[PDB]
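A quick write-up on the structure given underneath.
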Amino acid sequence: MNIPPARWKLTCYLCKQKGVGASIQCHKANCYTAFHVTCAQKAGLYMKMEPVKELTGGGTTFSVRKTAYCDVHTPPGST
Ligand SMILES: [Zn+2]
Ligand SMILES: [Zn+2]
């Protein structure tokens, strides 16, 4: 049928399921690791947080772009 929602709820490896709250997909396109925001806070994994500021439309536009890697994504690529 004509389904307006297109929310591709990803599978959270820290769950083995999908839906419950919000999903976040880890960086690196050759990886794409999906989990929950609650899982990220729970593990305390690597999250880079870049704030973009703009004034588009004669005002202020704020977009935060978080670059996150899954917990088992940190060891691959030894810093
Ligand atoms: Zn989870
Ligand atoms: Zn990953």
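Just so it is clear, none of the values below were taken in a lab; they were calculated from the coordinates. A quick note on method: Cβ atoms are made from the backbone with ideal geometry, for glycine too, and the neighbour counts reach across all protein chains shown.
Conditions (1) closer than 20 Å to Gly77 by Cβ; (2) of a type in the set (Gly, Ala, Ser), marked per residue:
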site	(1), (2)
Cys12	no, no
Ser23	no, yes
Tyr32	yes, no
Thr38	no, no
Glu50	yes, no
Can you run down the residue pairs with Cβ atoms below 9 Å, 6 or more apart or on separate chains, where the first is in the stretch 57-79 and farther than 15 Å from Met47 by Cα and of a type in the set (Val, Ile, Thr) and the partner is part of a loop (DSSP other than H, G, I, E, B) and within 15 Å of ligand 2 (Cβ to nearest atom)?
none
Of the listed residues (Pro76, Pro5), the one being out of contact with any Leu (no Cβ under 7 Å at 6 or more places or on another chain) and away from ligand 2 (no atom under 16 Å from the Cβ) is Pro5
Take the residues in the stretch 60-74 that are of a type in the set (A, V, I, L, M) and within 15 Å of ligand 1 (Cβ to nearest atom); name whichever of them is nearest to the chain's Cα centre (by Cα).
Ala68
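Let's see how each residue does on (1) charged (D, E, K, R); (2) within 16 Å of ligand 1 (Cβ to nearest atom); (3) exposed (fewer than 12 other Cβ atoms within 10 Å of the Cβ):
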residue	(1), (2), (3)
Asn30	no, no, yes
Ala40	no, yes, no
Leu45	no, yes, no
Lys48	yes, no, yes
